[PDB]
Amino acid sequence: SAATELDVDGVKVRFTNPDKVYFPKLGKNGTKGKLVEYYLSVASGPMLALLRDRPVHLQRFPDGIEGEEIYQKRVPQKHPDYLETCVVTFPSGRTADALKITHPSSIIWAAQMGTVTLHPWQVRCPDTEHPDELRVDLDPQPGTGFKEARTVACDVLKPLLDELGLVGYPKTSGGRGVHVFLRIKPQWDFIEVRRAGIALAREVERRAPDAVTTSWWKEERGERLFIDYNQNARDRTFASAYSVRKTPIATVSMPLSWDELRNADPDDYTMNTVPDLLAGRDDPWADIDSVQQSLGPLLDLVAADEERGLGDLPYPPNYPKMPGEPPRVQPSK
C-alpha cells in the first residue's frame, strides 16, 4: 500500500492515499485520487499558462474538506528538486518563499500535499512588486446570489470596460460570485492598481446603485453585490482558474466567455464535469495574454473621482496604516 509515482511531463511525483475521501458527498467521485486525476487532466493546459511563474498559496485539507483547513504561504526549506519557489513580501515587510508554478508537476505536488485550492498572487516572479493583473471580485451579500453577480458583470461592468477600451475575462469563483481579470503591463505598484480597482468599482456602483455596493463595512452594504476592492492589495489572492473549491460538490472556478456567463450556473462546473466540458470547446480566455493593457483609462477615473472629493478607502484588518488611508472604522455614529 506504499506510495506510487506519477510521471508528469518527465517529472516523477510521489502520490499516496488515492482512496482517502476528501468530499464525503460524492461517493466514488470524492477521493484524493479523483482530485489528483482532475488536476492531471488540466495541469498541462490553460491552467498552467494562467498560473505560469506566479507565486501561490495553498489551501490544503489533508483530512478532506470536513477536517482542518490549512492555508500555507511558505514552501518547506526541504522540498523536491523539481519545485521552484519565489520570494514575496508582505505589507509588514516579512517575506515568504512561496510556491512558483513553473510546470504541471508543481500543481500535482500541491494536490499530493492535500491542496484543494491554489491561490495565486497577481504578479509574475521575479518581478514581484508590479501586478500584471487587475482583478475584480464580485461578492453577493445575503439576500443576493450568483444571478446578481452575473447580471452586474454582463450588463454594467462589461459595457463599461468596452467604453474604456479595456478587455476583461470572467470566471465563476466556484462559490456564489464572479471574478473578472484584466491583464495589464507590469508598470504600476499595488497601491496604484488598487486605486484603479477602486475607481472601476465606484463607476460600476454609480451606474447600478440599488444593485451594487463598494462599502467595506457590512452594515452599509445592504442586499447588494459587493465589489471587494481590497482584493487588489498586496498579500491578497484569488482562487485560480481551474482550481477546485472546498464546496461539497467540488465545484471548479471556471473561465467563461461573456456570452456563456450570461446564463451560467456555477454548480455545472465540478472536478467531475469540467474535463468533459473543456473538450470540444475553444478556450474563452485564449487571448488574455495577447494585449498587455495600460492602466491609463482607470487612472483617469481615479483623478476624476478626486475632483468630486472621493479619495482612498479603508484597508482590511492586519494591514499597517497606509499613506492617505482614511480612518479604518465604520463612519458617522
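Numbering starts at 1 and runs along the sequence shown.
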Between 94-102 and 192-200, the record assigns the higher mean Cα B factor to 94-102
Avg C-alpha B-factor, entry values, 273-281 vs 293-301, higher side is 273-281
Temperature factor at the Cα of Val87, chain-ranked in thirds, falls in the highest
For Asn263, the third of its chain by CA B-factor is the highest
So, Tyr315's CA B-factor, relative to its chain, sits in which third? The lowest
Sorting the chain's modelled residues by C-alpha B-factor and splitting them into thirds places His79 in the highest
By the entry's values, the third containing the CA B factor of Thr117 is the lowest
